[PDB]
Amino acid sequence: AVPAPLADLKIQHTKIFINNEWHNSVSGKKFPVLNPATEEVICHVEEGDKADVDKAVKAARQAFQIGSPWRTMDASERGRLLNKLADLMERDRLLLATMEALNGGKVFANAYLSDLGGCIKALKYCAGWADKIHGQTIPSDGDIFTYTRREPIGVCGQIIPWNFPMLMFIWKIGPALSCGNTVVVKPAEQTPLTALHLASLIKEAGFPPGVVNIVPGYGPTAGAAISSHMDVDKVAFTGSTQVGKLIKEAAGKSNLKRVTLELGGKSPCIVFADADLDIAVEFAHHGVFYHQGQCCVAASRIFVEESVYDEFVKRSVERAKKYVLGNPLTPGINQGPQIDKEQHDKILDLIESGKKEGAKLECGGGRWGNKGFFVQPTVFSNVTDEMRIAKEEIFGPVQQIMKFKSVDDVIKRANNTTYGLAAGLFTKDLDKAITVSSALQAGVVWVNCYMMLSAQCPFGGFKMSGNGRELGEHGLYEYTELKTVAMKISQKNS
């Protein structure tokens, strides 16, 4: 049951959001927002830069001051506000789903059922934590009374990527707001609209002014202004590894702000001969092709046991036939475009690279259509570990199938990346499922499924796939700062 997309979609909010009112950019500058499906300009957005971030950081810092409403209201009240924001999003579900599909080239049915549904489920999950974050009373040595407080950190800068604009938006501000921080959010330049529309809803729900500030713009101007800012307490960033490296370096040189990073993945799936081959093919296929492969956790290398390798490749190639490229808003369409020309060129150069190296093409390998950034779902088999397609983050509807015979060998090969973050494991054997998932150097391990993202589980990576976990009970505490209070008393009793 999916309604049709809002026929006449109007872009209403295009300005900077600070202190619950809309601002022009200090520079007077605007910048175009494209439609990755048609290459036509949807609208123009005010272009924030360092000065606009300064306005936004002062707003948030002021909203965080001792005694001000956001600091003095009940924690459950912060929950009710987050719950109400979820209800507003449920009411405005069709609008947002249309805007997300239109602007981010996302298949509409997916934007409506999974993106928005996940946004609402995650916000309600975070809403529930607000008055359940607790500190401890500790029975430490001596005649003293020791307790801790889980206080909000302060001003949190949050840089959102373009592949899941609303989901990442909610996954970042939900925990931050639940813990009582205030935020300055910089959405990706390719996809600012859905965040700006959510800002109008944040206004409607009654969050105190300055608690949420949104400054759209480019990375090397507004993202950098956030990361090197001297009055920002934490920056959270999801995106490429190289920019994340720049973020930790800028934070270290600026004011030693806390940093959490979520970098890309080269996430492996291991398919054992004793796996349910249909479930394995369906989930591995889903894991690399969902949202045109632009997921953080894309299953970009699939290791299959030699006994079942040929049958697996056959079915994988058989499954890629069902895709239908075109406008994400048209019914029946399965696969939208990649977000822009930079990614389109990157993916195409990689597919050409795989062909030059020893690699077997089973389907795809080129672009699709004359307008938009479309890539045929491509499946490479006989991939070896030394190929570019086997080492570089693809972020495209390209599947690499590899072979393995030994358990130890595939564990070493799978872990032999600088990425951690995620992995897939398919087996019906109890021992192997446990021992292998223990051995994989990955932040999330799915067994006999893939990309089952929920709000109750913490998600984050090992190695250079990131810093920190988001959206768990553990994810919520990463937005608190611990304070120990130790009060001298005359005599302590247990």
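Numbering starts at 1 and runs along the sequence shown.
S.K.: Averaging CA B factors per stretch from the PDB record, which one is higher: 26-34 or 421-429?
M.R.: On average, C-alpha B-factors are higher across 26-34.
S.K.: Which wins on mean Cα temperature factor, 435-443 or 37-45?
M.R.: Between 435-443 and 37-45, it is 37-45.
S.K.: Go through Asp233, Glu77, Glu352, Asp92 one by one and give the residue whose Cα B-factor in the PDB entry is largest.
M.R.: Checking the PDB record, the top C-alpha B-factor among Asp233, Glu77, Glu352, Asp92 is at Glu352.
S.K.: Could you check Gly369, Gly117, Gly157, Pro175 and tell me which one carries the biggest Cα B-factor in the deposited entry?
M.R.: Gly369 has the highest C-alpha B-factor of those listed.
S.K.: Name the third of the chain's ranked CA B-factors that contains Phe459, choosing lowest, middle or highest.
M.R.: CA B-factor rank for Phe459: highest third.
S.K.: Mind checking which third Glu473 falls in for C-alpha B-factor across the chain?
M.R.: Lowest third - that is where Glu473 ends up once the chain's C-alpha B-factors are sorted.
S.K.: Taking only the Cα B-factors deposited for this chain, tell me whether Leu198 sits in the lowest, middle or highest third.
M.R.: It falls in the bottom third of the chain.
S.K.: Is the Cα B-factor recorded for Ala60 in the lowest, middle or highest third of its chain?
M.R.: Middle third of the chain for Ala60's C-alpha B-factor.
S.K.: Once the chain's modelled residues are ordered by C-alpha B factor and cut into thirds, is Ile247 in the lowest, middle or highest one?
M.R.: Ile247: CA B-factor falls in the middle third of its chain.
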